[PDB]
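Colleague: An experimental structure, sequence included, is below.
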Amino acid sequence: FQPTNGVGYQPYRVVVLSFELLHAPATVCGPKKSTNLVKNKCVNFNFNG
Amino acid sequence: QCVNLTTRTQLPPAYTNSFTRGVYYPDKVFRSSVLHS
Ligand SMILES: *[C@@H]1O[C@H](CO)[C@@H](O[C@@H]2O[C@H](CO)[C@@H](O)[C@H](O)[C@H]2NC(C)=O)[C@H](O)[C@H]1NC(C)=O
């Protein structure tokens, strides 16, 4: 790792994000507002994705 | 800290017939009456 080196030798910080779905009650969720839950209505539900 | 316990009788390991036990839930999915393989 030297600054005098050209393209192809510079250090690159790599972060790999991994996750499993549909196997356990999730806790991490994206930013989305929660609306009121109606009971007897044909609606488009979205529970944890 | 370690203490080597002595004065222990040496016996051969015994065995028994494990009956129909050890069944666990493979997943957290609720199932009412489906015979899931
Ligand atoms: C309990 O027994 C073990 C087994 O011999 C002892 O571990 C030995 O310790 C000596 C001294 O440090 C080593 O030279 C041997 O190589 C060890 N043997 C093994 C198999 O690891 C242990 O010291 C004993 N503990 C007490 C409190 O007497």
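Modeller: Received, thanks. Numbers count the residues shown, from 1 in each chain, chains lettered A, B, ... in the order given.

Colleague: Tell me how far the residue nearest the centre of chain B lies from residue B:6.
Modeller: Residue closest to the mean C-alpha point of chain B, counted by Cα atoms, centre = their mean, is residue B:22 at 6.7 Å. Per Cβ to Cβ, to the nearest Å, residue B:22 is found 36 Å from residue B:6. (C-beta placed from N, C-alpha, C; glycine too.)

Colleague: Tell me which residues touch residue 24, please.
Modeller: In the absence of a named chain, chain A is used. Contacts for residue A:24 (Cβ atoms under 8 Å, 6 or more residues apart in numbering or on different chains) come out as residue B:28.

Colleague: Can you tell me the element the closest residue to chain B within chain A falls in?
Modeller: Chain A approaches chain B most closely through residue A:24 (6.2 Å), counting by Cβ to the nearest Cβ. When elements are assigned from DSSP states H and E, residue A:24 belongs to no helix and no strand.
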